[PDB]
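Engineer: run_9.txt is reproduced in full below (compact mmCIF, C-alpha atoms).
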```
# COMPACT_ATOMS: atom_id res chain seq x y z
CA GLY A 344 110.00 104.34 104.77
CA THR A 345 107.39 104.37 102.00
CA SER A 346 104.34 105.55 103.92
CA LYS A 347 104.48 109.29 103.24
CA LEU A 348 105.27 108.38 99.62
CA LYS A 349 102.12 106.25 99.36
CA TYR A 350 100.12 109.12 100.90
CA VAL A 351 101.35 111.52 98.20
CA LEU A 352 100.58 108.96 95.49
CA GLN A 353 97.05 108.27 96.79
CA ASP A 354 94.62 108.95 93.93
CA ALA A 355 97.35 110.71 91.95
CA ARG A 356 97.59 110.97 88.19
CA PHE A 357 100.80 109.96 86.45
CA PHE A 358 102.40 111.14 83.20
CA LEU A 359 105.41 109.78 81.34
CA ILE A 360 107.81 112.59 80.40
CA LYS A 361 110.39 111.87 77.67
CA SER A 362 113.41 114.19 77.41
CA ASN A 363 115.77 114.16 74.43
CA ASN A 364 118.82 114.82 76.59
CA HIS A 365 120.09 114.63 80.15
CA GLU A 366 120.75 118.39 80.28
CA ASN A 367 117.04 119.20 80.44
CA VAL A 368 116.38 116.80 83.32
CA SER A 369 119.42 118.17 85.15
CA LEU A 370 117.99 121.68 84.76
CA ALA A 371 114.60 120.48 86.01
CA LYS A 372 116.18 118.78 89.04
CA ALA A 373 118.13 121.96 89.85
CA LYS A 374 115.42 124.58 89.17
CA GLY A 375 112.23 122.71 90.04
CA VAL A 376 110.57 123.55 86.70
CA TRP A 377 109.37 121.81 83.56
CA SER A 378 108.06 122.97 80.19
CA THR A 379 106.37 120.93 77.47
CA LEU A 380 104.65 121.33 74.12
CA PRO A 381 101.21 123.02 74.18
CA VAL A 382 99.37 119.74 73.52
CA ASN A 383 100.87 118.27 76.69
CA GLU A 384 100.65 121.58 78.57
CA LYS A 385 96.88 121.51 78.15
CA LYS A 386 96.65 117.94 79.44
CA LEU A 387 98.82 118.67 82.48
CA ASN A 388 96.87 121.81 83.40
CA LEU A 389 93.58 119.88 83.22
CA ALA A 390 95.05 117.12 85.37
CA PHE A 391 96.50 119.58 87.92
CA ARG A 392 93.01 120.94 88.59
CA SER A 393 91.51 117.43 88.69
CA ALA A 394 93.60 115.46 91.18
CA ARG A 395 95.32 115.79 94.53
CA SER A 396 98.73 115.02 92.98
CA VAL A 397 99.98 115.01 89.38
CA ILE A 398 103.23 113.01 89.08
CA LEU A 399 105.67 113.36 86.18
CA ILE A 400 107.96 110.37 85.67
CA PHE A 401 111.05 111.34 83.64
CA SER A 402 112.97 109.28 81.09
CA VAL A 403 115.84 110.51 78.90
CA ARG A 404 115.52 109.08 75.39
CA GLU A 405 117.91 106.17 74.71
CA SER A 406 119.14 106.11 78.34
CA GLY A 407 117.35 102.87 79.21
CA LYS A 408 116.26 104.37 82.54
CA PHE A 409 113.94 106.69 84.36
CA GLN A 410 115.73 109.56 86.08
CA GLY A 411 113.20 110.20 88.85
CA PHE A 412 109.78 111.69 89.40
CA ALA A 413 108.23 114.91 90.66
CA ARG A 414 104.87 116.41 91.62
CA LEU A 415 103.30 119.41 89.88
CA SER A 416 103.04 122.30 92.34
CA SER A 417 101.52 124.79 89.85
CA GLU A 418 99.78 125.12 86.52
CA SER A 419 101.87 126.44 83.64
CA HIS A 420 102.76 130.14 83.62
CA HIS A 421 104.55 132.44 81.20
CA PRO A 425 113.76 132.05 80.91
CA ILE A 426 115.21 128.52 81.03
CA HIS A 427 118.11 127.55 78.76
CA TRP A 428 116.66 124.21 77.72
CA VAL A 429 118.66 122.25 75.16
CA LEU A 430 116.04 122.26 72.43
CA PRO A 431 116.08 119.45 69.81
CA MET A 434 112.75 123.40 67.65
CA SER A 435 112.55 126.99 68.90
CA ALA A 436 111.90 128.25 72.42
CA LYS A 437 108.77 130.05 71.21
CA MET A 438 107.32 126.60 70.42
CA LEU A 439 107.07 125.73 74.12
CA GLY A 440 104.16 126.31 76.45
CA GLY A 441 104.50 127.90 79.85
CA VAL A 442 106.54 126.68 82.79
CA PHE A 443 105.28 124.33 85.50
CA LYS A 444 106.78 124.37 88.97
CA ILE A 445 107.53 120.89 90.30
CA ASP A 446 108.67 119.35 93.58
CA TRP A 447 110.96 116.37 93.23
CA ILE A 448 109.91 113.23 95.07
CA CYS A 449 112.80 111.09 93.86
CA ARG A 450 115.93 112.16 91.98
CA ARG A 451 117.30 108.59 91.77
CA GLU A 452 117.27 106.62 88.55
CA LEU A 453 115.53 103.32 87.79
CA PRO A 454 116.56 100.98 84.93
CA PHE A 455 113.85 99.78 82.55
CA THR A 456 114.89 96.20 83.36
CA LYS A 457 113.31 96.68 86.81
CA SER A 458 109.87 97.81 85.53
CA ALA A 459 109.44 95.04 82.95
CA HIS A 460 106.55 93.52 84.92
CA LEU A 461 104.49 96.75 84.76
CA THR A 462 102.22 97.43 81.79
CA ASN A 463 100.24 100.62 81.14
CA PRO A 464 96.55 100.03 80.30
CA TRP A 465 96.34 103.47 78.68
CA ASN A 466 99.04 102.48 76.15
CA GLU A 467 97.63 99.06 75.15
CA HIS A 468 99.22 97.33 78.19
CA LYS A 469 102.65 97.86 76.67
CA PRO A 470 105.46 97.97 79.26
CA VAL A 471 105.28 101.27 81.09
CA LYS A 472 108.70 102.32 79.75
CA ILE A 473 107.04 102.57 76.32
CA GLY A 474 105.14 105.70 75.43
CA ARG A 475 105.16 109.13 73.83
CA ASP A 476 106.06 112.22 75.84
CA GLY A 477 102.96 113.05 77.89
CA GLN A 478 101.45 109.55 77.88
CA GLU A 479 99.25 109.16 80.94
CA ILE A 480 100.01 106.13 83.13
CA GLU A 481 97.03 104.44 84.81
CA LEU A 482 96.82 104.80 88.61
CA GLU A 483 97.91 101.32 89.71
CA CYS A 484 100.72 101.00 87.15
CA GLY A 485 101.96 104.48 88.02
CA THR A 486 101.90 103.85 91.77
CA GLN A 487 103.84 100.60 91.47
CA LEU A 488 106.35 102.24 89.13
CA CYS A 489 107.08 104.99 91.65
CA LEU A 490 107.44 102.45 94.44
CA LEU A 491 110.10 100.68 92.38
CA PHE A 492 112.50 103.63 92.59
CA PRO A 493 115.24 103.49 95.22
CA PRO A 494 114.27 105.71 98.16
CA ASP A 495 115.69 109.24 97.93
CA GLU A 496 116.74 109.93 101.52
CA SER A 497 117.55 113.57 100.70
CA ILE A 498 113.86 114.44 100.16
CA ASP A 499 111.44 115.20 102.99
CA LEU A 500 107.86 114.72 101.77
CA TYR A 501 106.49 116.68 104.74
CA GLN A 502 106.55 119.93 102.72
CA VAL A 503 104.98 118.23 99.72
CA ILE A 504 102.11 116.76 101.75
CA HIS A 505 101.08 120.23 102.97
CA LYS A 506 100.60 121.40 99.36
CA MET A 507 97.99 118.69 98.76
```
Can I see the file as structure tokens?

Structural biologist:
Amino acid sequence: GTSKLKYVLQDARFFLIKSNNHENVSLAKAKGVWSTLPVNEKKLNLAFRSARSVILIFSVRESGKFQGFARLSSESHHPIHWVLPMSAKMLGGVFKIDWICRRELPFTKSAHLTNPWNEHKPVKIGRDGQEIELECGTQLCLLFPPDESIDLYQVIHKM
């Protein structure tokens, strides 16, 4: 069902995460970690302290899809062999994340969702780190195919 999912998403904040390659999202799905540029690191840390759940929704550039979404379980902390586009010293710290859905979603399926915080452009459109408004972000997550391998019981207890 979708009920535990909706509970996790209740009053969450949402951020669009753009990756230049699939290898970095694969690493993040395997290791439960993410790292971003300091400008986005600061925004995510602020949001982590501010809300019950901070959701990162991942899209690989030029893939035409989202690759899933995850919940921040920590602030950033200061090695991961990211495929950098840019040096490793340029990155901020590492966030721990818990995946909520590792399934992909094609942009064609979110064409009816616009993001008020990016001029009501379709939610697929945005820079890395763009915040997605609550209602748009919730509906986007509900569009993903259910990931029956994930048990949100252990995510709920971290809220």

Engineer: Can you sort out the box for range 391-405 of chain A, edges along x, y and z, all listed atoms in, 3 Å on every side, with centre and edge lengths in Å to one decimal, as lines of an AutoDock Vina configuration file?

Structural biologist:
```
center_x = 104.7
center_y = 113.6
center_z = 84.6
size_x = 32.4
size_y = 20.8
size_z = 25.8
```

Engineer: Near residue 363 in chain A, within 9 Å and counting all atoms listed in the file, which residues show up once chain neighbours fewer than 6 positions away are dropped, as a PyMOL selection string?

Structural biologist: chain A and resi 402-405+429-431

Engineer: Could you tell me how far CA of residue 347 in chain A sits from CA of residue 500 in chain A, in Å to one decimal place?

Structural biologist: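 Answer for the CA of residue 500 in chain A to CA of residue 347 in chain A separation: 6.6 Å.
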
Engineer: Tell me which of A:436, A:359, A:484, A:442 sits closest to residue 376 in chain A, counting all atoms listed in the file.

Structural biologist: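 Counting all atoms listed in the file, the residue closest to residue 376 in chain A is A:442.
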
Engineer: Distance table requested - range 379-414 of chain A against range 462-473 of chain A, cut-off 9 Å, all atoms listed in the file: one row per qualifying residue with the closest atom pair and its distance in Å to one decimal, ordered by chain and rising residue number, as a tab-separated table.

Structural biologist:
```
residue	atom	partner	partner_atom	distance
A:402	CA	A:472	CA	8.3
A:407	CA	A:472	CA	8.7
A:408	CA	A:472	CA	8.3
A:409	CA	A:472	CA	8.2
```

Engineer: Nearest to residue 494 in chain A among A:381, A:411, A:474, A:375, with distances taken over all atoms listed in the file: which residue is it?

Structural biologist: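 Checking each of A:381, A:411, A:474, A:375 against residue 494 in chain A, counting all atoms listed in the file, the winner is A:411.
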
Engineer: From the options A:479, A:448, A:454, A:406, which residue's atoms come nearest to residue 501 in chain A, counting all atoms listed in the file?

Structural biologist: A:448

Engineer: Under the rule that all atoms listed in the file are counted, which of A:486, A:345, A:410, A:502 is the nearest residue to residue 449 in chain A?

Structural biologist: A:410

Engineer: With all atoms listed in the file as the atoms that count, which of A:491, A:428, A:417, A:389 lies nearest to residue 456 in chain A?

Structural biologist: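 Distance minimum relative to residue 456 in chain A lands on A:491.
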
Engineer: Within 10 Å of (107.1, 123.9, 89.5), in the coordinates the file gives, what residues turn up when you count all atoms listed in the file, written out as a PDB file with C-alpha atoms, in the coordinates of the input?

Structural biologist:
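part.pdb was written with the following content:
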```
ATOM      1  CA  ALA A 371     114.600 120.480  86.010  1.00  0.00           C
ATOM      2  CA  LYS A 374     115.420 124.580  89.170  1.00  0.00           C
ATOM      3  CA  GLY A 375     112.230 122.710  90.040  1.00  0.00           C
ATOM      4  CA  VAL A 376     110.570 123.550  86.700  1.00  0.00           C
ATOM      5  CA  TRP A 377     109.370 121.810  83.560  1.00  0.00           C
ATOM      6  CA  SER A 378     108.060 122.970  80.190  1.00  0.00           C
ATOM      7  CA  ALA A 413     108.230 114.910  90.660  1.00  0.00           C
ATOM      8  CA  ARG A 414     104.870 116.410  91.620  1.00  0.00           C
ATOM      9  CA  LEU A 415     103.300 119.410  89.880  1.00  0.00           C
ATOM     10  CA  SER A 416     103.040 122.300  92.340  1.00  0.00           C
ATOM     11  CA  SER A 417     101.520 124.790  89.850  1.00  0.00           C
ATOM     12  CA  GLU A 418      99.780 125.120  86.520  1.00  0.00           C
ATOM     13  CA  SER A 419     101.870 126.440  83.640  1.00  0.00           C
ATOM     14  CA  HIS A 420     102.760 130.140  83.620  1.00  0.00           C
ATOM     15  CA  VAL A 442     106.540 126.680  82.790  1.00  0.00           C
ATOM     16  CA  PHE A 443     105.280 124.330  85.500  1.00  0.00           C
ATOM     17  CA  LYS A 444     106.780 124.370  88.970  1.00  0.00           C
ATOM     18  CA  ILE A 445     107.530 120.890  90.300  1.00  0.00           C
ATOM     19  CA  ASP A 446     108.670 119.350  93.580  1.00  0.00           C
ATOM     20  CA  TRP A 447     110.960 116.370  93.230  1.00  0.00           C
TER      21      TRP A 447
END
```

Engineer: With the cut-off set at 10 Å and counting only C-alpha atoms, tabulate each residue of range 378-398 of chain A with an atom at most that distance from an atom of range 355-358 of chain A, showing the nearest atom pair and its distance in Å to one decimal, ordered by chain and increasing number, as a tab-separated table.

Structural biologist:
```
residue	atom	partner	partner_atom	distance
A:383	CA	A:358	CA	9.8
A:386	CA	A:358	CA	9.7
A:387	CA	A:358	CA	8.4
A:390	CA	A:356	CA	7.2
A:391	CA	A:356	CA	8.7
A:393	CA	A:356	CA	8.9
A:394	CA	A:355	CA	6.1
A:395	CA	A:355	CA	6.0
A:396	CA	A:355	CA	4.6
A:397	CA	A:356	CA	4.8
A:398	CA	A:357	CA	4.7
```

Engineer: So that I have them on file, write out the residues from the current selection with C-alpha atoms, as a short mmCIF file (atom, residue, chain, number, x, y, z; two decimals), in the frame of the given file.

Structural biologist:
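Result file is out-v1.cif:
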```
data_model
loop_
_atom_site.label_atom_id
_atom_site.label_comp_id
_atom_site.auth_asym_id
_atom_site.auth_seq_id
_atom_site.Cartn_x
_atom_site.Cartn_y
_atom_site.Cartn_z
CA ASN A 383 100.87 118.27 76.69
CA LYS A 386 96.65 117.94 79.44
CA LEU A 387 98.82 118.67 82.48
CA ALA A 390 95.05 117.12 85.37
CA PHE A 391 96.50 119.58 87.92
CA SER A 393 91.51 117.43 88.69
CA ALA A 394 93.60 115.46 91.18
CA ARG A 395 95.32 115.79 94.53
CA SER A 396 98.73 115.02 92.98
CA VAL A 397 99.98 115.01 89.38
CA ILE A 398 103.23 113.01 89.08
#
```

Engineer: Identify which of the residues A:373, A:352, A:382, A:459 lies closest to residue 483 in chain A, counting all atoms listed in the file when measuring atom-to-atom distances.

Structural biologist: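 Of all the options, A:352 lies closest to residue 483 in chain A.
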
Engineer: Can you measure CA of residue 505 in chain A to CA of residue 493 in chain A for me? One decimal in Å is fine.

Structural biologist: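 Here the two named atoms are 23.3 Å from each other.
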
Engineer: Quick one: pull the distance between CA of residue 388 in chain A and CA of residue 421 in chain A, Å, one decimal.

Structural biologist: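 For CA of residue 388 in chain A relative to CA of residue 421 in chain A, the distance reads 13.3 Å.
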
Engineer: Rebuild range 421-448 of chain A to N, CA, C and O atoms - output it as a compact mmCIF listing (two decimals), in the frame of the given file, please.

Structural biologist:
```
# COMPACT_ATOMS: atom_id res chain seq x y z
N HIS A 421 103.56 131.76 82.02
CA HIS A 421 104.55 132.44 81.20
C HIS A 421 105.13 133.65 81.93
O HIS A 421 104.82 133.89 83.09
N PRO A 425 113.60 132.92 82.08
CA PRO A 425 113.76 132.05 80.91
C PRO A 425 114.76 130.93 81.16
O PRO A 425 115.81 131.18 81.76
N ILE A 426 114.44 129.72 80.72
CA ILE A 426 115.21 128.52 81.03
C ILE A 426 115.97 128.10 79.78
O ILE A 426 115.37 127.96 78.71
N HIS A 427 117.28 127.89 79.91
CA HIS A 427 118.11 127.55 78.76
C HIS A 427 118.05 126.05 78.46
O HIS A 427 119.05 125.33 78.50
N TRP A 428 116.84 125.58 78.18
CA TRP A 428 116.66 124.21 77.72
C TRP A 428 117.53 123.94 76.50
O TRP A 428 117.73 124.81 75.65
N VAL A 429 118.02 122.70 76.40
CA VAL A 429 118.66 122.25 75.16
C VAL A 429 117.53 121.77 74.25
O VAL A 429 117.00 120.67 74.43
N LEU A 430 117.15 122.60 73.30
CA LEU A 430 116.04 122.26 72.43
C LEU A 430 116.52 121.34 71.30
O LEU A 430 117.64 121.50 70.80
N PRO A 431 115.71 120.35 70.91
CA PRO A 431 116.08 119.45 69.81
C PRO A 431 116.09 120.18 68.47
O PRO A 431 115.20 120.99 68.24
N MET A 434 113.86 122.84 66.89
CA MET A 434 112.75 123.40 67.65
C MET A 434 113.15 124.68 68.39
O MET A 434 114.20 124.74 69.03
N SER A 435 112.29 125.69 68.31
CA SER A 435 112.55 126.99 68.90
C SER A 435 111.93 127.08 70.30
O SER A 435 111.04 126.32 70.65
N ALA A 436 112.43 128.04 71.08
CA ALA A 436 111.90 128.25 72.42
C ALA A 436 110.48 128.80 72.39
O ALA A 436 109.70 128.54 73.31
N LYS A 437 110.14 129.55 71.35
CA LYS A 437 108.77 130.05 71.21
C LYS A 437 107.77 128.92 71.00
O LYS A 437 106.57 129.14 71.20
N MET A 438 108.23 127.73 70.62
CA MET A 438 107.32 126.60 70.42
C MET A 438 106.80 126.04 71.74
O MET A 438 105.80 125.32 71.73
N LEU A 439 107.46 126.33 72.86
CA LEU A 439 107.07 125.73 74.12
C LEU A 439 105.87 126.44 74.72
O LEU A 439 105.58 127.61 74.43
N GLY A 440 105.16 125.72 75.59
CA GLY A 440 104.16 126.31 76.45
C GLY A 440 104.82 126.98 77.63
O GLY A 440 106.03 127.20 77.66
N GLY A 441 104.01 127.28 78.64
CA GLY A 441 104.50 127.90 79.85
C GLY A 441 105.33 126.94 80.68
O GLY A 441 105.67 125.83 80.28
N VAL A 442 105.67 127.41 81.88
CA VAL A 442 106.54 126.68 82.79
C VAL A 442 105.71 126.19 83.96
O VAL A 442 104.92 126.95 84.53
N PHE A 443 105.84 124.90 84.28
CA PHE A 443 105.28 124.33 85.50
C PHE A 443 106.34 124.33 86.59
O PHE A 443 107.50 124.01 86.33
N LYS A 444 105.93 124.63 87.82
CA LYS A 444 106.78 124.37 88.97
C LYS A 444 106.53 122.95 89.45
O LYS A 444 105.38 122.50 89.47
N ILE A 445 107.60 122.27 89.83
CA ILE A 445 107.53 120.89 90.30
C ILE A 445 108.34 120.73 91.58
O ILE A 445 109.31 121.46 91.83
N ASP A 446 107.93 119.77 92.40
CA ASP A 446 108.67 119.35 93.58
C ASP A 446 109.14 117.92 93.38
O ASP A 446 108.32 117.02 93.19
N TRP A 447 110.44 117.71 93.45
CA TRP A 447 110.96 116.37 93.23
C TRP A 447 110.59 115.46 94.39
O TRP A 447 110.60 115.87 95.56
N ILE A 448 110.22 114.23 94.06
CA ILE A 448 109.91 113.23 95.07
C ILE A 448 111.05 112.22 95.09
O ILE A 448 111.39 111.66 96.14
```
